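*Asks:* Have a look at this one.
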Amino acid sequence: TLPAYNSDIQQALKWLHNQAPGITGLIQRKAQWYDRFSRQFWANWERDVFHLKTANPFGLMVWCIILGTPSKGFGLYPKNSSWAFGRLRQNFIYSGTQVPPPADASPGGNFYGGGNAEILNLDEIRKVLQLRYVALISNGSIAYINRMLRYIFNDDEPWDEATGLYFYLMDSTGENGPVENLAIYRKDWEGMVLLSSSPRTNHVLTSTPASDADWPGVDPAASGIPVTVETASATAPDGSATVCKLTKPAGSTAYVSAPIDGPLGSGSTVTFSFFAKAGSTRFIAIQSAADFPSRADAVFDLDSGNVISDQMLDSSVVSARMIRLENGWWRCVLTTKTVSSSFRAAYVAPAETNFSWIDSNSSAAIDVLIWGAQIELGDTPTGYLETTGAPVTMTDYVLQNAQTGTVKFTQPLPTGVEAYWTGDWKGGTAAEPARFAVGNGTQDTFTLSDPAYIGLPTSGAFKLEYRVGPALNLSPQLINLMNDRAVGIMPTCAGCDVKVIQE
Amino acid sequence: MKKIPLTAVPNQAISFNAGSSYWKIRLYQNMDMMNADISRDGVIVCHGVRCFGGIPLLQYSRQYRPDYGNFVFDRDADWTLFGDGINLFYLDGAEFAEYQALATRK
Amino acid sequence: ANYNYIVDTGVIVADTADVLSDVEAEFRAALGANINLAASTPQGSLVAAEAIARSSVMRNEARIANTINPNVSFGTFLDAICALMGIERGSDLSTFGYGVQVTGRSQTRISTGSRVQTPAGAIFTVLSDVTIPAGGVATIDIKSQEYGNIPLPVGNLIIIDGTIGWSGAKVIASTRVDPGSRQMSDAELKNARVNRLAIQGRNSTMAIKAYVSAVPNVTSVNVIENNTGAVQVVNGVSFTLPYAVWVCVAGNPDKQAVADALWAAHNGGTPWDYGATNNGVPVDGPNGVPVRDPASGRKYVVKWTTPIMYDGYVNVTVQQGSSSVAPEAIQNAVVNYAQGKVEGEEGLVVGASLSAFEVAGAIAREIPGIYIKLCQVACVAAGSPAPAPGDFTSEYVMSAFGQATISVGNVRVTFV
Amino acid sequence: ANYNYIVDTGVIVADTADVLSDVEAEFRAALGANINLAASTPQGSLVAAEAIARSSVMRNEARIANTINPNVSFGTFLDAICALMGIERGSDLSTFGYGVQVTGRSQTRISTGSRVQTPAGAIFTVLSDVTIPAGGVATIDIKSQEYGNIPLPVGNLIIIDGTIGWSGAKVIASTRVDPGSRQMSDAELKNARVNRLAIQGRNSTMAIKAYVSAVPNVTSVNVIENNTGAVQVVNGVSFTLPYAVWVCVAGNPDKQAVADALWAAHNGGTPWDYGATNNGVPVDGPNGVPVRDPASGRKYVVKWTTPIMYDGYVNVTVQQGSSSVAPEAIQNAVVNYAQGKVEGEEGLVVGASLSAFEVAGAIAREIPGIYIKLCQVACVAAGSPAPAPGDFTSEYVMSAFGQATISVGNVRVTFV
Amino acid sequence: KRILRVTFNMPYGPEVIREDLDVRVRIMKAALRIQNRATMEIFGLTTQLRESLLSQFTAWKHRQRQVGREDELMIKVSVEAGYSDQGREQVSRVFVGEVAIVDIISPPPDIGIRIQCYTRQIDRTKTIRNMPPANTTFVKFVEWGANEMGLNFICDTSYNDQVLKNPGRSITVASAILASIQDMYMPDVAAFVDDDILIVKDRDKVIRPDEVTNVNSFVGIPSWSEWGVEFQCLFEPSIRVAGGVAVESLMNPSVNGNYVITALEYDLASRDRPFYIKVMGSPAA
């Protein structure tokens with residue numbers, strides 16, 4: 001139970017037999033034999049009993065007797081005994097009457113492995129035995145059968161639709177046909193950025209400041225001159241030399257507070273996004289305001305691309321993230337949830353040290369290049385929209401027809417911007433972006449591109465069909481043997497005809 | 001529902017008249033587990049029954065109808081805590097059927 | 001000193017023994033290199049004893065390792081294999097009741113007064129009861145043994161009386177239930193396990209077969225899923241509805257119990273087909289047993305049939321070789337095989353066929369050395385006279401609906 | 001000598017006193033009738049060796065004799081058996097906090113095993129050495145001493161074992177507190193197996209009933225199954241498909257949750273049907289609602305109906321007794337009974353007919369002593385004018401896809 | 001440390017008389033129709049304990065009064081004896097029966113009572129409630145007797161399936177049932193009552209073959225007798241009446257073998273030397 005059990009066989013060796021050959025030799029060899037023929041035997045026999053690892057063909061048989069499957073379909077015994085065709089296989093066994101040490105061409109060769117019915121890879125023998133057990137315990141539940149198929153043939157791993165793992169069972173119901181939860185992204189100089197079908201607003205008054213008076217600089221200590229926004233001549237991601245330099249002189253803890261309509265909203269998730277380029281410093285800190293002192297802090301390392309600091313003075317912070325863009329640009333996104341309506345502003349500052357705050361001390365003057373500020377509701381960054389003293393509201397698109405997949409836009413897509421979609425339509429799900437349109441600068445209505453996989457309903461009562469193979473690259477021997485009905489490995493309701501086949 | 005007195009020893013044999021039958025359980029420490037040899041009315045019913053908590057001792061229906069009863073451990077068997085901490089309970093036919101009904105829907 | 005592993009043909013770990021050479025080789029090269037290991041010496045006796053012990057250890061380990069697979073298991077070990085799939089061991093009980101007694105005047109019919117029938121009845125009264133002075137009272141009964149016994153519906157005899165109690169009459173008001181008997185099963189559990197391999201499953205042909213087999217009194221059951229429904233006929237038994245499961249159960253179970261089991265394994269929305277007239281014997285004709293859905297709603301209808309009873313015959317001719325006396329063990333062997341009490345070879349089941357070669361095989365199994373000569377079988381309907389020697393052939397078709405039955409007196413043996 | 005410790009009723013293992021005596025006697029008979037088997041002698045050493053052996057095997061076979069019963073297996077054998085149904089014993093990991101801010105001074109060095117501590121117990125250890133930069137703050141990696149989902153909230157993390165220079169540890173919002181796990185025990189593993197058995201031991205109707213009764217806000221359910229291959233009414237619901245199941249869910253539940261339960265309980269092959277017109281309000285449009293399979297992103301529609309909502313009106317003409325009672329109490333009692341808060345009586349479940357005798361029973365139930373002269377009940381469609389006097393009946397029979405609700409204002413009590 | 005308890009049953013409850021008081025219990029049991037006897041001398045009784053026990057023990061209220069329909073008519077007392085060392089107990093049960101006689105043997109300053117109990121002293125039972133069988137087998141008559149007495153039964157004999165015409169309708173009270181079962185078939189198969197279990201078996205057979213008691217240590221010497229072997233032993237809480245014994249002697253090598261028990265003589269004295277049980281045994285077949 002608890003107080004040990006020893007049972008060491010060698011316990012029968014007193015202090016007298018310290019330098020003895022004999023007694024010690026006999027007891028050691030007896031212990032080795034009892035070990036090899038009891039502990040090793042039971043270890044490898046438990047490995048036999050284990051089915052996820054019934055390697056030993058002996059185990060696969062013991063289990064096929066346990067489950068009840070006829071043994072005619074299994075191709076156990078060691079392989080490499082068929083001549084057939086190829087240097088990788090055996091050859092004709094001839095009358096080497098004098099016993100040549102190569103055993104003529106080969107030591108033998110037979111027809112063991114007759115195709116179209118016989119499986120040879122023991123890995124799939126374990127699978128088919130497990131499938132028979134599932135059939136033995138099955139009530140017909142499609143969810144259970146499919147989850148067990150996934151657990152067996154994929155070790156409970158999610159699969160993409162570019163592979164097409166095991167499919168449904170008897171449930172004469174195709175989910176879709178219409179379009180639901182459709183999300184469009186556009187691919188452009190901003191990267192892969194989604195668009196909304198509902199009016200979304202960016203509440204910052206200015207996103208590209210070309211004047212000092214545009215955004216004020218506030219400093220509680222006011223030790224040094226305020227942080228001044230300078231019109232910088234650098235290649236902005238949109239394609240202009242209109243970025244703004246943001247510089248902190250020595251001994252200054254000032255910060256820029258972008259004007260924005262207040263309040264923003266009580267108990268609403270807030271997303272701050274902006275485009276930054278590494279400059280004199282290497283990192284920039286931002287703060288989302290709230291009631292004093294419930295503000296949230298974050299620090300973005302423009303080079304390493306890590307959110308090395310997320311500070312919760314309250315329950316504000318939810319997440320922070322970075323997305324990369326060409327010319328070494330980064331969009332830094334802060335998602336914050338606060339129940340108070342005191343969201344007055346968002347503070348921005350260059351960071352001297354990698355954990356510098358909005359009011360950290362400045363050893364010298366550090367300047368960074370920023371452009372395209374966007375504070376919005378919701379919890380996801382959206383396409384940049386120019387704001388000049390206006391909390392700009394816009395609706396990206398309207399889905400005019402939800403059958404053919406044609407969708408119109410507020411404005412035509414610029415030349416080169418691509419469009420990706422996700423969701424479900426035509427009885428097929430696209431959990432990954434799928435391109436369907438390229439902008440030409442004159443057209444705003446575009447038709448969606450086909451998603452995945454099979455029309456799906458498989459019209460018919462009381463009966464359905466399996467689908468498998470492009471993912472697992474399974475053997476046609478497996479496909480045919482499982483397609484056989486008599487052996488009864490597939491789970492089956494009494495009174496439902498299911499053919500396995502498929503790919 | 002009758003509590004069977006136990007003694008904190010590794011190997012023991014308890015014989016008693018319970019449920020209109022003459023039961024005798026020999027409980028012994030086998031390696032890191034406990035096993036029980038159960039004999040009813042002299043004729044031995046089972047050997048080497050590994051003992052667990054809540055799990056019935058006479059595991060097979062032939063050993064417990066018509067309303068012969070069963071023995072249940074509250075916890076995993078451990079002779080160090082026998083008497084004080086781990087008790088073995090005997091159920092007659094009706095109580096054991098009710099226990100089966102409760103334990104088969106969990 | 002080896003464990004042979006019959007990979008797929010014998011499924012059993014076999015000991016090799018021959019460890020005497022190994023133990024001698026250990027006594028040598030560890031206790032010395034020149035020891036006279038010849039017997040009649042202390043070291044030789046020690047080596048022989050040690051080799052015997054190792055052979056015993058290997059044998060016991062081989063037995064325990066082999067017990068994991070059936071057909072080489074036994075009690076409380078094959079028990080485990082059945083309990084893995086929930087094949088329930090099948091407990092010990094017995095109960096009768098609802099009997100009546102014709103007697104004299106105000107007789108104190110004491111408790112456990114016993115009665116007997118033609119097939120060794122031995123049925124006792126349950127409790128003490130004093131008969132009413134009218135001349136007939138109602139009593140309860142218990143059988144002595146734990147085997148399935150079917151008293152005939154005629155008043156036969158009495159065991160324990162008081163010279164006033166005339167007879168315990170058996171009428172339609174009587175009742176009856178199933179006693180099983182350990183693992184009855186000792187080697188026919190090995191047969192019943194492969195059938196009841198999917199008791200835990202539901203909504204399947206295997207599931208319905210196993211679940212209804214778990215019901216008392218069902219010696220066998222035949223289920224056809226009838227899945228390629230275009231009416232037509234599939235695997236025997238014509239098919240009134242395209243999509244419908246056909247069920248035939250042998251034995252004499254309680255209609256309510258078997259119907260509830262069939263409804264429990266209902267397979268969703270597949271109806272029940274039992275028509276085609278001669279295909280089986282309908283339990284209730286049209287509008288079968290109602291039963292009640294556990295999901296409280298509606299009263300459905302479950303339809304199944306009872307197989308066609310057949311009376312089998314076996315004409316054997318034996319030589320009685322090797323000077324071995326065997327007057328009438330042959331019919332006992334035949335009836336055992338037909339009842340299915342032999343291991344591996346289920347006898348006359350609802351789907352079985354009466355085979356001369358199979359009967360001869362059972363006879364040779366139970367008693368070799370008699371050199372069976374002819375084993376003609378034939379068969380007749382439930383009643384009917386003897387089939388005459390002309391009809392004695394080597395096989396009867398015994399289509400999927402029906403059931404043969406071999407009586408003790410039907411088998412005859414001709415000694416040459 | 002060794003007898004047969006295998007037998008048939010499991011392995012019978014004897015005590016080491018017995019096996020030692022047996023080996024002693026065997027050695028005595030082999031070597032010499034008067035050889036000293038003292039433990040200090042070579043022969044006694046051999047006897048003790050053969051006593052520890054020949055007993056280890058006894059205990060091994062006894063411990064793994066009935067190893068394929070899942071309800072009594074143990075350890076890795078239980079793991080293997082339960083893996084056949086997908087149940088898998090987990091792994092015991094630890095909370096793996098990363099990026100924990102470390103505030104200190106100068107260039108303090110944090111070494112492995114710092115043993116930091118959360119405010120509420122939960123001791124964690126540093127697993128990588130880090131030197132604080134010139135900023136005075138760095139990031140550290142910590143792992144849980146114990147196993148499981150140890151809480152690591154954002155807050156003032158304290159230090160148990162700290163060097164000179166370390167000021168504190170902060171769980172900033174950027175710390176990726178990765179939860180651990182505590183594995184799972186054999187008893188709860190058998191619980192999971194028995195739960196799986198209960199799930200896979202039900203037919204379609206009962207499985208659907210249980211799954212949708214598990215959902216909250218589901219007051220009652222009605223499950224119906226065609227099983228006829230003919231479009232017709234079976235006991236009151238006009239079907240529209242030959243093989244289908246019509247299910248009705250009461251209350252005001254969550255549509256996605258009840259769809260999940262229905263989908264998990266789907267038998268398969270048999271589709272749902274919304275029924276014909278006025279067969280229960282067909283919510284979710286003409287097409288069934290969509291549900292994503294948790295097992296596969298592949299996708300299935302499921303159909304269920306809500307019952308016809310009815311306003312039940314009750315007239316009662318009780319007479320006030322010696323004890324004063326208020327009509328509001330009578331209305332409250334009627335509403336309580338109809339809602340179903342009363343013990344025993346189901347209430348106005350789906351397909352529960354409106355009996356004035358039933359509501360009078362509930363009223364004389366809750367308020368005994370009062371005398372009731374005339375009780376009448378009536379049923380009207382929702383949002384409709386109340387029926388005029390005389391339209392009421394003494395009992396209203398109700399269809400199989402509706403519920404009737406009585407509010408406080410739908411009871412008219414008159415004191416005679 | 002001998003541990004001996006005399007546990008009475010009275011309306012207040014059980015009043016256990018422990019081994020601290022001077023107690024001396026002489027129990028004599030046998031495989032006969034006779035009720036097994038227990039004579040127990042208890043000294044050191046306080047006035048209150050004496051009034052609480054001796055007043056309840058009486059032979060009245062059933063002769064010159066009525067006050068009787070069931071138990072509580074006479075006090076039922078059990079005896080629990082054994083050893084105890086290292087904290088573990090061995091208290092088994094050695095007697096269950098009702099008192100019949102009360103006296104004092106030792107006058108002051110040690111007022112010590114001596115009370116006499118017999119097993120199944122409820123013989124003034126309900127004058128046979130259920131009628132005996134008219135014509136039945138021996139086993140079924142035994143079952144009727146056990147059911148009437150309320151005791152569970154162990155019937156193991158080769159005479160069970162022998163019909164008796166008219167088995168015992170001259171019986172007047174419940175006690176005479178045992179005398180009748182003893183009267184019929186009395187060369188070997190003698191029925192008795194041990195505690196609350198009615199045992200009907202052949203005299204050369206053991207109640208529980210698996211419960212043989214290997215005996216190696218005796219007090220004195222295991223000697224021969226007319227029937228089998230007779231020997232005294234220290235109190236072992238595993239020796240019953242009619243149980244199996246596996247005598248393995250040293251002084252007498254010829255008495256080795258397996259024996260069944262016929263008579264038992266317990267003599268247990270907490271504060272005196274005699275703490276032995278004497279066993280009469282006969283060859284077991």
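Identifiers in this document derive from the order of the structure tokens: chains are assigned A, B, ..., residues are numbered from 1 separately in each chain, and ligands are numbered from 1 in order of occurrence.
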Could you give me the residues within region 133-243 of chain D that DSSP places in strand (DSSP E), as a list in words?

*Replies:*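 The residues of region 133-243 of chain D classed as strand (DSSP E) are residues 137, 138, 139, 140, 142, 143, 144, 156, 157, 158, 159, 168, 169, 170, 221, 222, 223, 224 and 225 of chain D.
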
*Asks:* Fewer than 6 positions away in the same chain doesn't count, so skip those; otherwise give me all residues within 8 Å of residue 407 (chain C), counting only C-alpha atoms, as a CSV table (one decimal) with N, CA, C and O atoms, in the first residue's frame.

*Replies:*
```csv
chain,number,residue,atom,x,y,z
C,311,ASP,N,-38.1,-29.9,-36.3
C,311,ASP,CA,-37.7,-31.1,-35.6
C,311,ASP,C,-36.6,-31.8,-36.3
C,311,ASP,O,-36.9,-32.3,-37.5
C,312,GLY,N,-35.4,-31.9,-35.7
C,312,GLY,CA,-34.3,-32.6,-36.4
C,312,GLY,C,-34.2,-34.0,-36.1
C,312,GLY,O,-34.6,-34.5,-35.0
C,313,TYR,N,-33.5,-34.8,-37.0
C,313,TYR,CA,-33.2,-36.2,-36.7
C,313,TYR,C,-31.8,-36.4,-37.1
C,313,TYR,O,-31.2,-35.7,-38.0
C,335,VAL,N,-26.9,-33.9,-28.8
C,335,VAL,CA,-27.8,-32.9,-28.2
C,335,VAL,C,-27.0,-31.8,-27.5
C,335,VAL,O,-27.4,-30.6,-27.5
```

*Asks:* Name all residues at most 12 Å from residue 23 (chain B) (count only C-alpha atoms; drop same-chain ones fewer than 2 positions away) and give them as a ChimeraX atom specification.

*Replies:* /B:4,13-21,25-26,37-46,58,68-71,90 /E:208,210-211

*Asks:* Could you list the residues in chain C lying within 8 Å of chain D, using only C-alpha atoms, and format the result as a ChimeraX atom specification?

*Replies:* /C:42,45-46,49,57,60-61,64,68,74-77,80-81,83-84,200-203,264-271,294-298

*Asks:* Just to confirm, what's the straight-line distance from CA of residue 97 (chain A) to CA of residue 113 (chain A) in Å (one decimal)?

*Replies:*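 CA of residue 113 (chain A) lies at a distance of 28.7 Å from CA of residue 97 (chain A).
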
*Asks:* Please provide as a PyMOL selection string all residues within 10 Å of region 425-439 of chain A, with the sequence filter that same-chain residues fewer than 2 positions apart are discarded (counting only C-alpha atoms).

*Replies:* (chain A and resi 160-162+174-187+192+402-405+412-423+441-457) or (chain D and resi 297-299)

*Asks:* Based on the selection just made, write C-alpha atoms of those residues as a short mmCIF file (atom, residue, chain, number, x, y, z; two decimals), in the first residue's frame.

*Replies:*
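Output saved as part_38.cif:
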```cif
data_model
loop_
_atom_site.label_atom_id
_atom_site.label_comp_id
_atom_site.auth_asym_id
_atom_site.auth_seq_id
_atom_site.Cartn_x
_atom_site.Cartn_y
_atom_site.Cartn_z
CA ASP A 160 -6.54 23.23 -42.67
CA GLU A 161 -8.82 22.97 -45.68
CA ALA A 162 -5.81 22.84 -48.01
CA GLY A 174 -25.33 20.72 -45.33
CA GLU A 175 -24.72 23.72 -43.10
CA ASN A 176 -24.38 26.49 -45.61
CA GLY A 177 -25.25 27.57 -49.09
CA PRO A 178 -25.76 31.17 -47.99
CA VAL A 179 -22.99 33.49 -46.77
CA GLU A 180 -22.40 34.07 -43.06
CA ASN A 181 -19.74 35.77 -40.90
CA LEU A 182 -18.04 37.21 -43.97
CA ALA A 183 -14.95 39.32 -43.23
CA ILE A 184 -12.98 41.15 -45.93
CA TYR A 185 -9.39 42.30 -45.63
CA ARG A 186 -7.47 44.50 -48.05
CA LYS A 187 -3.78 43.98 -48.82
CA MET A 192 -3.40 42.85 -44.38
CA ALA A 402 -25.41 37.50 -50.74
CA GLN A 403 -25.80 34.62 -53.21
CA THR A 404 -23.35 35.22 -56.08
CA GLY A 405 -20.92 36.93 -53.70
CA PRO A 412 -13.24 52.03 -56.09
CA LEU A 413 -10.22 49.99 -55.10
CA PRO A 414 -6.94 51.74 -56.00
CA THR A 415 -4.66 50.20 -58.61
CA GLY A 416 -2.95 47.19 -57.04
CA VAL A 417 -4.69 46.83 -53.68
CA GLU A 418 -5.79 43.22 -53.22
CA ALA A 419 -8.84 41.82 -51.47
CA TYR A 420 -9.06 38.69 -49.31
CA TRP A 421 -12.18 37.15 -47.80
CA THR A 422 -12.97 34.72 -45.00
CA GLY A 423 -16.19 33.11 -43.81
CA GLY A 441 -8.89 52.48 -59.75
CA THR A 442 -12.22 52.56 -61.62
CA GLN A 443 -14.32 49.61 -60.38
CA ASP A 444 -15.88 49.20 -56.95
CA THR A 445 -17.98 46.02 -57.38
CA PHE A 446 -16.23 42.65 -57.29
CA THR A 447 -17.30 39.02 -57.02
CA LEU A 448 -16.01 36.66 -54.34
CA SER A 449 -13.75 33.72 -55.15
CA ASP A 450 -14.76 30.11 -54.36
CA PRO A 451 -13.75 29.02 -50.80
CA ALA A 452 -13.37 25.29 -49.94
CA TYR A 453 -14.80 22.03 -50.22
CA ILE A 454 -17.75 20.09 -51.74
CA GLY A 455 -21.29 21.39 -52.21
CA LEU A 456 -21.91 19.31 -49.05
CA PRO A 457 -25.57 18.36 -48.30
CA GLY D 297 -14.88 22.72 -38.89
CA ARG D 298 -17.26 20.87 -41.19
CA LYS D 299 -20.72 22.04 -40.66
#
```

*Asks:* Show me, as CSV, the residues of chain A having an atom within 10 Å of chain B, each with the closest atom pair and its distance in Å, using only C-alpha atoms.

*Replies:*
```
residue,atom,partner,partner_atom,distance
A:1,CA,B:32,CA,4.5
A:2,CA,B:32,CA,6.4
A:3,CA,B:32,CA,8.3
A:4,CA,B:32,CA,7.2
A:5,CA,B:31,CA,5.5
A:6,CA,B:31,CA,8.5
A:7,CA,B:31,CA,8.6
```

*Asks:* For CA of residue 278 (chain D) and CA of residue 308 (chain D), determine how far apart the two atoms are, in Å to one decimal place.

*Replies:*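 Pair CA of residue 278 (chain D) / CA of residue 308 (chain D) returns 8.0 Å.
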
*Asks:* Go through chain E and flag each residue having an atom no more than 10 Å from chain B; for those, report the closest pair of atoms plus their distance in Å to one decimal, using only C-alpha atoms, ordered by chain and rising number, as JSON lines.

*Replies:*
```
{"residue": "E:88", "atom": "CA", "partner": "B:7", "partner_atom": "CA", "distance": 8.1}
{"residue": "E:89", "atom": "CA", "partner": "B:7", "partner_atom": "CA", "distance": 9.1}
{"residue": "E:152", "atom": "CA", "partner": "B:20", "partner_atom": "CA", "distance": 7.4}
{"residue": "E:153", "atom": "CA", "partner": "B:20", "partner_atom": "CA", "distance": 9.1}
{"residue": "E:154", "atom": "CA", "partner": "B:22", "partner_atom": "CA", "distance": 9.7}
{"residue": "E:197", "atom": "CA", "partner": "B:17", "partner_atom": "CA", "distance": 9.6}
{"residue": "E:207", "atom": "CA", "partner": "B:42", "partner_atom": "CA", "distance": 9.1}
{"residue": "E:208", "atom": "CA", "partner": "B:42", "partner_atom": "CA", "distance": 6.3}
{"residue": "E:209", "atom": "CA", "partner": "B:42", "partner_atom": "CA", "distance": 6.9}
{"residue": "E:210", "atom": "CA", "partner": "B:42", "partner_atom": "CA", "distance": 6.1}
{"residue": "E:211", "atom": "CA", "partner": "B:42", "partner_atom": "CA", "distance": 8.5}
```

*Asks:* Save the residues we just selected, N, CA, C and O atoms, as a PDB file, in the first residue's frame?

*Replies:*
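Output (selection15.pdb):
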```
ATOM      1  N   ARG E  88      -3.487  -2.698  20.325  1.00  0.00           N
ATOM      2  CA  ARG E  88      -4.439  -3.487  19.558  1.00  0.00           C
ATOM      3  C   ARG E  88      -5.247  -4.384  20.488  1.00  0.00           C
ATOM      4  O   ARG E  88      -4.719  -4.919  21.466  1.00  0.00           O
ATOM      5  N   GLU E  89      -6.530  -4.539  20.179  1.00  0.00           N
ATOM      6  CA  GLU E  89      -7.439  -5.349  20.975  1.00  0.00           C
ATOM      7  C   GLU E  89      -7.683  -6.701  20.313  1.00  0.00           C
ATOM      8  O   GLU E  89      -7.413  -6.900  19.127  1.00  0.00           O
ATOM      9  N   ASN E 152     -30.502 -17.420  12.959  1.00  0.00           N
ATOM     10  CA  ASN E 152     -29.977 -17.956  11.714  1.00  0.00           C
ATOM     11  C   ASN E 152     -29.399 -19.348  11.946  1.00  0.00           C
ATOM     12  O   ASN E 152     -28.910 -19.669  13.033  1.00  0.00           O
ATOM     13  N   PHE E 153     -29.454 -20.177  10.908  1.00  0.00           N
ATOM     14  CA  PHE E 153     -29.166 -21.596  11.035  1.00  0.00           C
ATOM     15  C   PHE E 153     -28.062 -22.030  10.080  1.00  0.00           C
ATOM     16  O   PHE E 153     -27.887 -21.465   8.997  1.00  0.00           O
ATOM     17  N   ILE E 154     -27.320 -23.046  10.511  1.00  0.00           N
ATOM     18  CA  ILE E 154     -26.326 -23.734   9.694  1.00  0.00           C
ATOM     19  C   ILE E 154     -26.709 -25.208   9.708  1.00  0.00           C
ATOM     20  O   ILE E 154     -26.441 -25.915  10.685  1.00  0.00           O
ATOM     21  N   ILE E 197     -26.584 -18.582  16.696  1.00  0.00           N
ATOM     22  CA  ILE E 197     -26.570 -19.389  15.482  1.00  0.00           C
ATOM     23  C   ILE E 197     -26.938 -20.816  15.859  1.00  0.00           C
ATOM     24  O   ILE E 197     -26.278 -21.428  16.708  1.00  0.00           O
ATOM     25  N   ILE E 207     -18.252 -27.294  10.969  1.00  0.00           N
ATOM     26  CA  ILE E 207     -19.129 -26.250  10.446  1.00  0.00           C
ATOM     27  C   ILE E 207     -18.453 -25.508   9.299  1.00  0.00           C
ATOM     28  O   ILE E 207     -19.079 -25.219   8.272  1.00  0.00           O
ATOM     29  N   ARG E 208     -17.169 -25.191   9.451  1.00  0.00           N
ATOM     30  CA  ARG E 208     -16.443 -24.396   8.464  1.00  0.00           C
ATOM     31  C   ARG E 208     -15.098 -25.055   8.195  1.00  0.00           C
ATOM     32  O   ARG E 208     -14.125 -24.830   8.928  1.00  0.00           O
ATOM     33  N   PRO E 209     -15.009 -25.883   7.152  1.00  0.00           N
ATOM     34  CA  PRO E 209     -13.736 -26.561   6.860  1.00  0.00           C
ATOM     35  C   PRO E 209     -12.582 -25.607   6.607  1.00  0.00           C
ATOM     36  O   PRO E 209     -11.437 -25.934   6.942  1.00  0.00           O
ATOM     37  N   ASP E 210     -12.844 -24.431   6.032  1.00  0.00           N
ATOM     38  CA  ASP E 210     -11.775 -23.475   5.769  1.00  0.00           C
ATOM     39  C   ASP E 210     -11.278 -22.780   7.029  1.00  0.00           C
ATOM     40  O   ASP E 210     -10.277 -22.060   6.962  1.00  0.00           O
ATOM     41  N   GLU E 211     -11.943 -22.974   8.164  1.00  0.00           N
ATOM     42  CA  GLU E 211     -11.629 -22.266   9.400  1.00  0.00           C
ATOM     43  C   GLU E 211     -10.990 -23.186  10.433  1.00  0.00           C
ATOM     44  O   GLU E 211     -11.297 -23.116  11.624  1.00  0.00           O
TER      45      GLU E 211
END
```

*Asks:* Counting only C-alpha atoms, what is within 9 Å of residue 282 (chain D), bar same-chain residues fewer than 3 positions away, as a list in words?

*Replies:* residues 274, 275, 277, 278, 279, 285, 286, 303, 304, 305, 306 and 307 of chain D

*Asks:* Kindly give the distance, in Å, that separates CA of residue 213 (chain A) and CA of residue 244 (chain A), rounded to a single decimal.

*Replies:*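 CA of residue 244 (chain A) lies at a distance of 13.0 Å from CA of residue 213 (chain A).
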
*Asks:* For chain C, which residues have at least one atom within 6 Å of chain B, if we go by only C-alpha atoms? Write them as a list in words, please.

*Replies:*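 So the contacting residues turn out to be residues 89, 90, 91, 92, 93 and 182 of chain C.
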
*Asks:* Store the residues picked out above in a file with C-alpha atoms, as a PDB file, in the first residue's frame.

*Replies:*
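The new file out_4.pdb reads:
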```pdb
ATOM      1  CA  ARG C  89     -21.295 -12.150 -16.345  1.00  0.00           C
ATOM      2  CA  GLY C  90     -25.004 -12.893 -15.812  1.00  0.00           C
ATOM      3  CA  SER C  91     -25.797 -13.584 -12.061  1.00  0.00           C
ATOM      4  CA  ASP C  92     -27.478 -16.437 -10.182  1.00  0.00           C
ATOM      5  CA  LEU C  93     -31.203 -16.482  -9.471  1.00  0.00           C
ATOM      6  CA  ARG C 182     -22.201 -18.708 -14.035  1.00  0.00           C
TER       7      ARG C 182
END
```
